[PDB]
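Visitor: Got a sequence here, can you model it:
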Amino acid sequence: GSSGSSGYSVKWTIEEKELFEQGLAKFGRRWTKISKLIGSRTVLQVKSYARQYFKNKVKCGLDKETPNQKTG
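Guide: Numbering: from 1, shown residues only. Below is the structure in question.
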């Protein structure tokens, strides 16, 4: 597969990952709140990431995409 960012490389940090969860469980599925807690990220970034986190939790599935490629 291929991946391209038509903007800039956006990545998170452990500190952020740990914070997101904390509030996620405490406040719940509230992005407006979480985003604020962390401060660094924004409602948007959080909204997306929310799904990005789980996607990883469970090995590639629905996507049905493997890092394999034409050998040789």
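Visitor: When you work out contacts or count neighbours from here on, use the C-alpha atoms and nothing else.
Guide: Fine.
Visitor: Run a quick neighbour tally on residue 46.
Guide: Using other Cα atoms under 10 Å, residue 46 has 19 other residues around it.
Visitor: Do a quick rundown of the helices in this structure.
Guide: Under the criterion DSSP state H, the chain contains helices at 14-26, 31-38, 43-57.
Visitor: Kindly reformat those as a markdown table containing distance to residue 72.
Guide: Listed next are the helices of the chain as a markdown table, based on distance: least, Cα to Cα, whole Å:
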| stretch | distance to residue 72 |
| --- | --- |
| helix 14-26 | 37 |
| helix 31-38 | 46 |
| helix 43-57 | 29 |
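Visitor: okay, those, which one's buried deepest?
Guide: Stretch with highest mean neighbour count among these: helix 31-38 (a mean of 18; mean count of other Cα atoms under 10 Å).
Visitor: What helices and strands are in contact with that one?
Guide: Here helix 31-38 touches helix 14-26, helix 43-57, going by 3 or more Cα pairs under 8 Å, 6 or more residues apart in numbering; DSSP states H and E.
Visitor: The shortest one packs against which elements?
Guide: The helices and strands touching helix 14-26, judged by 3+ Cα pairs under 8 Å, 6+ apart, are helix 31-38.
Visitor: got a list of contacts for the helix it packs on?
Guide: Helix 31-38 is touched from outside by 16, 19, 20, 23, 24, 27, 41, 42, 43, 46, 47, with contacts defined as Cα atoms under 8 Å, 6 or more residues apart in numbering.
Visitor: ok, now stretch 50-64?
Guide: Outside of stretch 50-64, the residues within contact range by Cα under 8 Å, 6+ apart are residue 66.
Visitor: Just the CA trace of it, in CSV.
Guide: Extracted in CSV, the C-alpha atoms of stretch 50-64 (Å, rounded to 0.1, in the frame of the first residue of the first chain):
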residue,chain,number,x,y,z
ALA,A,50,-9.8,8.4,18.6
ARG,A,51,-10.3,6.0,15.8
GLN,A,52,-6.6,5.8,15.0
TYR,A,53,-5.9,4.4,18.5
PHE,A,54,-8.3,1.5,18.3
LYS,A,55,-7.2,0.7,14.7
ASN,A,56,-3.8,-0.2,16.2
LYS,A,57,-5.1,-1.9,19.3
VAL,A,58,-6.4,-4.7,17.0
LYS,A,59,-4.1,-6.0,14.3
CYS,A,60,-5.1,-4.9,10.8
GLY,A,61,-8.5,-6.5,10.0
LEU,A,62,-11.3,-4.7,8.2
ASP,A,63,-8.7,-2.8,6.2
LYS,A,64,-7.3,-6.1,4.9
